[PDB]
Every structure is written in structure tokens, then in C-alpha cells.
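A quick write-up on the structure given underneath.
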Amino acid sequence: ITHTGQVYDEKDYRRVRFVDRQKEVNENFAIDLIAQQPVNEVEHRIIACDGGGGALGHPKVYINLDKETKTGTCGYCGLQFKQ
Amino acid sequence: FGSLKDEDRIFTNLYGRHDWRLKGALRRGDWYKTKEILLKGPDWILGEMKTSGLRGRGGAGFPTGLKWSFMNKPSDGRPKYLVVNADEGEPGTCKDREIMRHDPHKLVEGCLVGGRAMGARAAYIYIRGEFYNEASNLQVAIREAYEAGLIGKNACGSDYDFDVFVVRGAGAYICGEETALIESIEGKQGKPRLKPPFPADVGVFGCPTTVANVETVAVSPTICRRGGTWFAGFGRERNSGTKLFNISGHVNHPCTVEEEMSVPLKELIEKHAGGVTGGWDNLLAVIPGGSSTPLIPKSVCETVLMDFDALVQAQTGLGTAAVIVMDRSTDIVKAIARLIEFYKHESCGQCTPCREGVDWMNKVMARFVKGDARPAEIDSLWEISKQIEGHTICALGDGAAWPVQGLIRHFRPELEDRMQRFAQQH
Amino acid sequence: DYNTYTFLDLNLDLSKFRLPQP
Amino acid sequence: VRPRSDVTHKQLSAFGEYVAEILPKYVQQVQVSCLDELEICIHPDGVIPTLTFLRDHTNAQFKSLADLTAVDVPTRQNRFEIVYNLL
Amino acid sequence: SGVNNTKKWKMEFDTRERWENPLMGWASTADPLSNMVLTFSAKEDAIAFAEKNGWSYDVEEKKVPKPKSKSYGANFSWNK
Amino acid sequence: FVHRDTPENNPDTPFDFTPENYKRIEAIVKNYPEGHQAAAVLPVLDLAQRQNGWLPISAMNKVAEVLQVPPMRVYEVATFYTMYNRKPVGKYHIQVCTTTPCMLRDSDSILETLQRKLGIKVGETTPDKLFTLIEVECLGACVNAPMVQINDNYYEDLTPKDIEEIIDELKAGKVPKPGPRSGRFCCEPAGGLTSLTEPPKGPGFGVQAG
Amino acid sequence: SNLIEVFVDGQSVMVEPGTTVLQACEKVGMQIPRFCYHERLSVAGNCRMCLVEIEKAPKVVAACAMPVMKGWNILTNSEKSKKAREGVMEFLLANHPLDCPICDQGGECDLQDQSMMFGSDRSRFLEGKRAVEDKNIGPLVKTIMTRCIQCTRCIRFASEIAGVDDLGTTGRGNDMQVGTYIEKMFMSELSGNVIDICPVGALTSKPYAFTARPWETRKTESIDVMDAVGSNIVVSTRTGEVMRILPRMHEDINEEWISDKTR
Amino acid sequence: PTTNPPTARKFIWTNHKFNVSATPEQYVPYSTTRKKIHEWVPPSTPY
Amino acid sequence: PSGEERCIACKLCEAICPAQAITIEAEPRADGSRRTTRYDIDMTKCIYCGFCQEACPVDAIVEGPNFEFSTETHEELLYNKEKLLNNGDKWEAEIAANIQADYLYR
Ligand SMILES: Cc1cc2nc3c(=O)[nH]c(=O)nc-3n(C[C@H](O)[C@H](O)[C@H](O)COP(=O)(O)O)c2cc1C
Ligand code: SF4
Ligand code: SF4
Ligand code: SF4
Ligand code: FES
Ligand code: FES
Ligand SMILES: [Zn+2]
């Protein structure tokens, strides 16, 4: 159910906690939300993902998009870029 | 002073004009007293070198005699060796390309004359692979010599047995370095070693070894023939003998001519070679020893003379004595910038200070040519420059820092204006 | 004019002269 | 880097010697930190005597007790290090 | 490769139960002397602390790296 | 510097020294001290290139076996030096020297001339694969500043036009008089010898006794 | 006999002839900041982060590689030997990708600490950085090699401690990347030690990728039971489940190394 | 908010809720980590 | 903005929390990305210092404007990743405006 497949077993009693209450979960899951964003087709071997917004984003990092097969993915945003 | 006589010059075959092959060499009488000299013994030969006062002739001008002497210590059961670097990579150096191509023999007897001085079992000549044709010339010459019996067992009538080999370089400036020539000879990657295990002590293949600029090996037979005194007389004090001078760039007749070392610079371009293109007044700067040495601006040139002592007083190095001249028609900021590009495309990357430092100066230098960088950045490069100068495993990082230091030292106002020019147009 | 193997083949020719190995 | 006046490190140092001389039966070590603070160290028996001299001496009146504390160095045989700070 | 944490002796009490907490899954411990590690400068002083406090002790001798001979020349040995 | 196996450039391309080449390899090994065959890596690897300009990963592997050296070692040497292609290369493979000495004597012009002459941009090769243009660094021969190394030859002291002439010679026919296509002989003073004007000396001259 | 006396800041330590300058400082107790020098790996001199200043000498010397000589005073903390570290650390950091909150050698970094202790507080590298394509060296070691400080301890271990002789340097300049030229996995026992021996977090462990962070890990010293060498090991436990087993040094049994199986 | 509206980011809620504490919508804390020590389930086939 | 949670589990928000409130355990997500399996701020333990706001490199954990979250039961005050992420989604518009106003100062 949750982001990590956290689902109390059919016999676990913490399910009593959810009795007469809502088990809080978020419909918007990141694993999926990042996928939607398309691969950025940059034209330089190495590009940088400042995180969007500079100081309001994530530490700046340079990605090597040299591997033709795969696409570079910022360890921070998850945004992907291909040459 | 200067004005060496052609008669007292060493490579008469310079500029060709005489068969680089043996016959022409016999008329030159290059192989005249070789048997006798070797018969004299290792010590006597090395002694003549000391008397000569001959310095390096290659990159750093270490006293040749003392250096070679370091392997005149008794053999410890490992064959001693001779390595004659002919990489000739320092930008501006065609100095060596001559002896190798024009007068291969002089170097062949230089090798055996030098060999008995160090008691080397054999000599390997690392001519840069770029010069394939050059190689063709020397082993033809080496083949002639053995056919004659001048080299090999029973070398020139001497019980001394010396074998000379030629090794292919593969387009690396660093291969030139003394510890790195060895590793290329050893077959590993061309990465210099640290000096604590000195080259004589740990040799190639763990056998004592010594490395000489081809010019240094070539003059040893003629210096023994002419005697240290004759040679030592030509130079000024510590700086001695006559060193070939290669003048390239912004000069009317660029050429390599050998002249009395300690020859005034304003004169070198004036008497041999040719006048500074556009008049001596059109001299923005000159780099006396090649790319590694700092360039000196014109004020100093009129006064400075080409000898290593005088240059170190001037803060520049005689080095390979390659004179590169820059008229007032050149963007020095870009001239030196390509030399830093020359060093980023070439340093081995073994040591942290050169690897990142030379790349760091390249990035800053490219911005400096554009003028994008602010004025405060200029003194930073200075600080980046000396971090690289004293911390590097080899001298190339030493060499990369000096041109940067020269540009800031004498042309700081021009770089500031390029700084200013870009800021104004926004 | 020289061939691609000039250096190597010339050397092989010199092998006979080459003094004995260490 | 903090500004340091050596006037104090000299004044306090001298006083340290003065105290030590006057109370040599108990003062073991007298040091001035690099922070210009004196720290006479006394044998436990000198608790009464050293304090009293400081509370009632014309050339060293130390009327109020800022604090009494005890660091505990377990390694040290004498575990506690009673420290009395006076003004 | 720093050795500044291998200098002072430490005596550490034996590890005890760390059961998972049902409501949040946080680790839960019933042993008070667990997180306590006292630092003593010398082996003799630490042994003393155990004896007077009455805790059982099992001292482990310090093991320091043995001297190792190194020299850059070796790597370029004729025959290694 | 990563060899991602490709059908063309990968060991499926079998490599083996022609019988003659192997003979050459043997001599090369003889020069070095016995027990130090590994030292012949550079020379042997070059021979491989002579055989096949591409010098594919398979070739590197063969070199290793021939010299009984770890495969990685061959790779290090190949990826370190620059005279090794490690890819397919043009029949002519011209290289233009662009260090400051040459540039100061207008090397850039030559490169530009070639770019359009060749019709190919630097770092690239012609469609017929006849010519590959590379901006190489100091190739020595600085005195004859304007200079380029076509294949093994060193064409020197060239004015833009001269190259076009040379390239044409290469494009139709062969052996286009490789060398400095200028009036000067080698690296002499262009106008006239500043020295070495007089005849050379003779054996024994000014020789100290013995 | 065989006991030169060298002074480390005037402490007259005495060392067997042959001891390096770094080793001389160790017996006094001082520790030269070092990268690319491991006790049981050959001296290489790649980093030059250990430059010290022997007294009355023009240039600073390489600690890990300089045979000490009689009389020398090391001046390890000399204003000079601090510029010789304040300026090297400038370089290692310049091409470094700042993903320290990705680098799971977060608190286990000999490059942040040697930077927080022996280096400067800021940066002047206003230029751009570099990036090196990663490599799938294996299923145990995750090589995010854009982190590599080209210290060549891997290439040594992979040749000297283990006889793999596969890892090697490829190229020259600032794009010397120390990864297998062709993609051949580093398959050997003793493989996981590369993780422990790379001070940078370029190549680290793939199973223990992001499960923890070292300050939290409670470290209990125990014995290897997978094999009969009985190698000493430290089991790093967080909140009661083991997170990592890494080696702890036993001169006689496992001297800083453990098998691929038992970690 | 009318004058300068806020940035919309295609995850932000459109119906914001008040304190749901007394109502059954309330957060009930739970560990989101999965099991750690999986166990050997016996063999269901009689030996 | 894309929808990928900012936290990359560097876990120094846990390191600098004065009260030991934040508990983080992580594992590489299927995507291969670094993410926190469990992020639990115990608000009763938290003393609202705001250092976590300070420490985060990606600034994933922020001190949100709402002060009215009084709860009938003690368990509700303990917050897991889902409540905080939901709290983040609800107040993101104002949090973004607040960080926008104060980032130059920091
Ligand atoms: C980066 C670098 C490149 C060098 N290139 C050459 C060269 O091309 N030719 C040369 O003779 N020496 C060169 N040297 C100097 C050699 O390392 C060595 O000092 C010299 O060849 C010794 O010869 P000598 O005793 O005749 O001076 C170079 C040094 C460095 C650091
Ligand atoms: S290695 Fe990992 S941790 Fe150490 S500095 Fe580089 S990134 Fe930060
Ligand atoms: S990988 Fe680790 S060890 Fe191998 S070089 Fe890069 S940093 Fe040094
Ligand atoms: S919250 Fe900020 S700091 Fe705490 S882990 Fe996630 S990212 Fe690192
Ligand atoms: S620079 Fe082109 S010849 Fe040396
Ligand atoms: S430790 Fe001194 S060179 Fe790296
Ligand atoms: Zn990103």
C-alpha cells in the first residue's frame, strides 16, 4: 500500500490501530511521479543539475551523459538527461 | 660574448650539407680517437666532462660530469645502462631533431664514448615515435657503425663491448622525463617515479641507469677530442661551451644555429637567425628556453644574454634554449593559454597538484583570453600557480606554473584591460 | 621514402650484430 | 581570532606566584590559561587555608564564590576535581 | 585511515535486549548501562574502575600495527 | 576511455600477427633484457597498428598474449599514449601542429584550409575514409613552424596553398614529395647560412694528445 | 647500530635506516595527512597531500616516500607544510562532485576530515567540474567513480594484496579514470576490501548502499565464523540488526582484510 | 492569495482538511519499514 | 515540483536533532534512488529548534507555518513519513512562499 509496500499482514494486530480510523497514506507516490518527467535531451557531454532554483534547490552536481545507452540521473532529483 | 667560429662549431653537418651517413662523417673525422678514448678509461672521460663544465644541455642543466659520475660507482652485479632521450618534446625544440637526422653518427660515438665513462653495458635511444623518418636515419647509421665494428663486441678495437638500440616513443611529452623515459622503456605507462630511489640507484630494469639529452651525449666525444679546456673556454664561467639555439616565431629567418652559450639575446636574433619580424621594436616578449621557461618582455631582452646563470638571475631558464618570439601582433593571453592547453592534453595525471591544477589554470586562462573573468581572479592564478610549482612529483607541474607566472609578472596590465574590455560591453 | 616496417625490419637485420643478451 | 591582551596573562601570572609563595604548603600547581584565567591547584587539605587567605587578604580580596563544581575524571585515581571559582 | 580513535582505552558493558516497538517500530532497550562507554587513559586505571564498582572485567591487550618496511625503490626491482 | 564492445570494434574481429610480423616481434623482444619481454609492449603494439590501423580491442589482447603481459597493461599503454588510434583511422591521417610556435607562425590558417579542403571538420574523417583530420600538438619540426604530419611523413614550412597542393597530390597519385616544400633546406637560416658557411673540419684537428 | 636519529620537530626519535618521513612522524605520534599511502600497500606518491618540510631545505618532501636521513627536522606543522596542504586540498576538492549526502562514506571519509582538519574553509574553483562515466565492476562494489581522487590504492591492492591485476589507470590528464578498460567484473575473493581501502566513496558496497550512516552504527568487535582462519571483524549494528561487517586489524590472522563471503 | 496566487505543482492538495483528530480520518502512527528477519517457514509436506 | 520527494536520506537531520526526535532508516528504492523507508519525527520529543530546517542539504525537512496541530491522543503526535509528506503537500504553497522570502537571509 504505502510507498514501500508496507501492508500489515492479514493477522497482524497493529491493524487494530486502523480499526475505526484511517491509515494515513499518500496517493502521490514519488517512484511514479519522477517517471512522468521526460528525459532531458541535452547536447553537452556533461550537464549540471543544480536542483532547480539554485539555492532553493539541491547541491549542484555534474552528470556524465557520455554513455550512449543509458541516461544520466541526478542522485538528487531523479531527473534524467540524455545526450 | 658570442660569435663562435664555424671551425670551432661541433656539428658541421648541421643543416645537412654533408653526408649524414658514415662517409661524410669520416671526412668529418668524428670516429678519430674513439678507441684511444675508451682505452683511457671511464674515469678519465668523466673527468674531462667535469673540466668541460658541460651542464645538462637538456632541460635542467645539471652538471653533466657529476651526474654521469653518480654511476661510476662499482657495479653491484646489475648491468649498468645508458639511456639517451631524444623525445625533443619541449615546444620550440627542433634542436635535437638535427643531430639525430643530420648527424646520426656523432651521437653513435657519443654513446660509446659516454658508455665507457659510465661503464654502461648498452645504450637505448628513445627517439619520439612521431619522428618515424628520423628513426630510419639513425639505425641505418647504427647499422653502418657495427658493420664497421665501431660498436658492438670489440667496439672500435676496444675490449669494451657496447650495444646501441633505438626505442619507439609514442607521442608523449612526459615520456621525456628522466624517470618516465625509463618506465616507457620498461613498457609500463609513462608515469615519472619519485626521486628518492634515484635513477642511478634504481635503473631501468633495476639496473643502474643514466639519462642524457642527445646533445649532451653527442658533444662528449668531440669535447674529449678537443679537451675540456677548449670547450670550457667558450662559455661564461659556470655556464660553458656553445649551445645550439633554435629561434622560432616572429623572427625573419627562424633557424637552429649553435653559438657560444652566454651569447646576448638581442644579438642572437640579430646575428644568426634573423631580425625580429617588424623590427626589434616589435618584440612583445620572448621565451628563451621553450614553453616550460617563463617568457621575458623586451626591456630585458636587449640586455639579457643566453646562458643559464644569466637567465636564472633574470627569473627565466635557459632550458632547451628554444627562443620563441612574440611580436606586438600577438594575444599573449591566448599564446600562453595554448601552452596551458598544451599541458592539460599532456600531463600524466599521476600527481594531484598537476592533474587538477593544470586543468584549473586552463579553465581560468581560457576565461582570461575572453576577458570574462574579473581582475581579482588574476592574482588567484598566481596563488594556484605556486601550489602546483613546489608540490608536483615531476618538473612538468614546475613547467606549467612558470609561463602563468611570467604572464602575471610582466603583462598584468594587459590582462586587466581584457578584464575591463568585456565588463564594458556587458 | 621509407616503408612502415623500415624501423622494425632494419632492426631485425641489426639483430645479428646486437650483442648477446643480459 | 580573538583579541588577547598579555597584560592580564602577566598580572594574573604574577599573582599566581604570590599566592603560591604565601601558601606553599598546599599549592601544587598554579597555571594561567591561554584565556587569561588563573587556576591555583591546592592539596585537598588546603581548602580552608587557601580560600581564607583569598577571602581576607588586602592584596587579594576574593569576596564572593561564583561557583563550586566537581568534574569527574573516571580515569583519575582521585575521581572528582572540586573547582571553586571566586571573584 | 586516521588513528586518533585508537588511542584511549574504553570499557564497554555487555550488550542486551533491543526488541522492536509495536506502535512505531523504533528499537527499544531495557538495559540502562547499554549506551554507557567510559573512557580511561591507561589499562591499569580501567581495571581499577571495574574492581571498586564490582563489575566483572575481561581486558583485551592493545594490538598496535607492527612496523612495516617500505621503500619506493622496491617497486622497480630487477627481480621481485 | 571505455571500450563498449561493438560488432566492428570487439574481439569477434580476430587479430594475429602475419608470420612476418611475428618475426619482427621476436627481434623487438631480443633488444630488451631477457626476462623483460614485457618491455616490448609499445613497440609490439605499434606493429599491430602497422598491421591494422584500427588497433581493435582484439589486437590489444593479442599483444598481451604475445608478450605474456596482463591484458590491462596493454590497455593502459594504449589509452595513455596518443599515437595509438584505438579506432578506425583515415588512410592518410593528416595531423596539424597547433602549439604556440606554429600558431604564432599562423598554424590556424592551415587547419582552416584543411577543414574545407577536406570538407571534413577536425576530429572527423572524410566519407571515403581517405583523410582524417586531427589537431595534434607539437610534432617537433617547430622551426619550420607551419607544419603538419600526414601519416608518417612530416610536411613542413607549408603555406596554406601548399597543403591544398599536397592534398590533391594525395587525392590523385601518391608520395607527394613529403618534406618542407619551401626554399629552405631543413632548418637552415632561411636567407643564408649564418654559420657553417665554410667547409667542415678534418680528422684529428685540434686534438689534445691522446 | 642501524639507528639513525632524526628529529621530528626536535624530538630526536631514532629509526632504522630506511624509514620514511611519514613513518618517523608516526613514532613521535604525529600523523601526516595522507591519501594513496596504505601501510600494507606499496608507496606511490600519487596524491602529494603529505608534503612536509624538512628543516633547512628548499622544497617540501614527500613524507610517505622519502627515506629519512640523519639530522632532518620534519617541521610537520610549519606554515609551509600547511600551505602545502591548504593548496592540495584545493585541488582534490576542485574536481570533486559534492554529493556527500549521497556518498555513503559520509562520516567515513578521509577526504572531508582531512579537509576539515588540514584544509581550507572555502573554494575558489569558479570553473566547471568533470564527470566520469560509472562502471558496473561487479554485484558487490558500486563504483560511482566520479568520486575517485586517482589515488591508485585500488590498482595496488588489486595487484599486490590480491593477484587480480585487472584494475588499471586508463588515459592521461584530468580524465585518467581508474576503471577496467573493457567491462569485465572484478571477480575475486578479497574483492570487497577495495571498498574499505578506497578512502573516497567512489566505489562502495552495493548491498550496504544506503541502509545507514556511520555515526549511528554501534560497533561490536567479534570473530569470523564463515572460514577457519578466524579473521577478526567488527559487526556494525544499528537499532538491533547487523548493517555491515568490516575488518578490524589482527596482525597474525587477518591484517585489515576479510573475505567476500564473511562481509 | 487572490492578488498573487500561489504556485501549483500537480501534487499539492485541492481540498485541505482541518483537525481530523476526533474524527475517524486521524493519523494513527505505524512503522512503514518492512519485515527485517524473515523466518524459515516449516515444510508443509509431511516427511 | 516533478513529484519526487526531496529527502535523499543523508540522515544528518537525524544527526543534528538535539532531542533524538527524527528516526530515519533507508534502502535503495527500486528505481535505484536513495530514499527513506521510514522517517519518524516524534513531535512530543521535538523541541522545535529548527536546526533540521537548517541542516538539510536538499531542504526536504522544513519548519512549516502551522502551529495548530493539538491532538486528542499521544500516538497522533508521533508522525511517520506519510503524515509529514501529507503535511508537506497540504502546506507546500505557503512553505514555498516562506522559504522564498527567507532564503537570501540564509
Ligand atoms: C615534462 C618534461 C619533459 C621533458 N622533455 C625532455 C626532452 O624532450 N628532451 C630532453 O632531453 N629532456 C627532457 N626533460 C628533462 C629530462 O627529464 C632530463 O632531466 C634530461 O633529459 C637530462 O638530460 P641532461 O642530463 O642531458 O640534461 C623533460 C623533463 C620534463 C619534466
Ligand atoms: S567522498 Fe563521498 S563523502 Fe567524502 S567527500 Fe567526496 S563525496 Fe563527500
Ligand atoms: S577508486 Fe578508490 S582507490 Fe581506486 S583510485 Fe579511485 S579512489 Fe583511489
Ligand atoms: S531530511 Fe533533509 S536531511 Fe534529513 S535526510 Fe531527508 S534530506 Fe537528508
Ligand atoms: S609546435 Fe608545431 S612544431 Fe612544435
Ligand atoms: S601519501 Fe604522501 S604521496 Fe599520497
Ligand atoms: Zn536533479
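Here Swiss-Prot sets the residue numbers for chain I, with the shown residues being 107-212 in order.
Each Cβ is built from the backbone N, Cα and C atoms, and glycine gets one as well.
Record features (Swiss-Prot):
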type: BINDING; residues: I:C113, I:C116, I:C119, I:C162; note: [4Fe-4S] cluster 1 binding site
type: BINDING; residues: I:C123, I:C152, I:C155, I:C158; note: [4Fe-4S] cluster 2 binding site
type: DOMAIN; residues: I:143-172; note: domain '4Fe-4S ferredoxin-type 2'
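Shown on the structure are the features that Swiss-Prot records.
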{"residue": "I:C113", "record": "[4Fe-4S] cluster 1 binding site", "Cβ within 10 Å": "25"}
{"residue": "I:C116", "record": "[4Fe-4S] cluster 1 binding site", "Cβ within 10 Å": "27"}
{"residue": "I:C119", "record": "[4Fe-4S] cluster 1 binding site", "Cβ within 10 Å": "24"}
{"residue": "I:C123", "record": "[4Fe-4S] cluster 2 binding site", "Cβ within 10 Å": "22"}
{"residue": "I:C152", "record": "[4Fe-4S] cluster 2 binding site", "Cβ within 10 Å": "17"}
{"residue": "I:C155", "record": "[4Fe-4S] cluster 2 binding site", "Cβ within 10 Å": "14"}
{"residue": "I:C158", "record": "[4Fe-4S] cluster 2 binding site", "Cβ within 10 Å": "23"}
{"residue": "I:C162", "record": "[4Fe-4S] cluster 1 binding site", "Cβ within 10 Å": "20"}
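Residue pair I:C155 ([4Fe-4S] cluster 2 binding site) / I:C116 ([4Fe-4S] cluster 1 binding site) shows a Cα separation of 20 Å. Those residues of the chain, other than I:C123, I:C152, I:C155, I:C158, with a C-beta within 8 angstroms of the mean position of the [4Fe-4S] cluster 2 site C-beta atoms are I:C119, I:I122, I:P124, I:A125, I:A127, I:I128, I:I147, I:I153, I:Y154, I:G156, I:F157.
For I:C113 ([4Fe-4S] cluster 1 binding site), none of the binding-site residues have C-alpha atoms inside a 10 Å radius of its own C-alpha, out of I:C123, I:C152, I:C158. Cα of I:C158 ([4Fe-4S] cluster 2 binding site) to Cα of I:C119 ([4Fe-4S] cluster 1 binding site): a distance of 5 Å.
For the domain '4Fe-4S ferredoxin-type 2' (I:143-172), the DSSP counts in helix, strand and coil order read 5 helix, 6 strand, 19 coil. Listed in sequence order, the binding-site residues among I:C123, I:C152, I:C155, I:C162 whose CB lies under 6 angstroms from an atom of ligand 4 come out as I:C162.
Comparing C-alpha positions, I:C152 ([4Fe-4S] cluster 2 binding site) sits nearest to I:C119 among the binding-site residues I:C116, I:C119, I:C162. The CA atom of I:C116 ([4Fe-4S] cluster 1 binding site) is located 13 Å away from the CA atom of I:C123 ([4Fe-4S] cluster 2 binding site). According to DSSP, I:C119 ([4Fe-4S] cluster 1 binding site) is assigned to a helical segment. Of the recorded residues, I:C162 ([4Fe-4S] cluster 1 binding site) and I:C123 ([4Fe-4S] cluster 2 binding site) place their C-alpha atoms 11 Å from one another. Classification of I:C113 ([4Fe-4S] cluster 1 binding site) by DSSP places it in coil, neither helical nor stranded.
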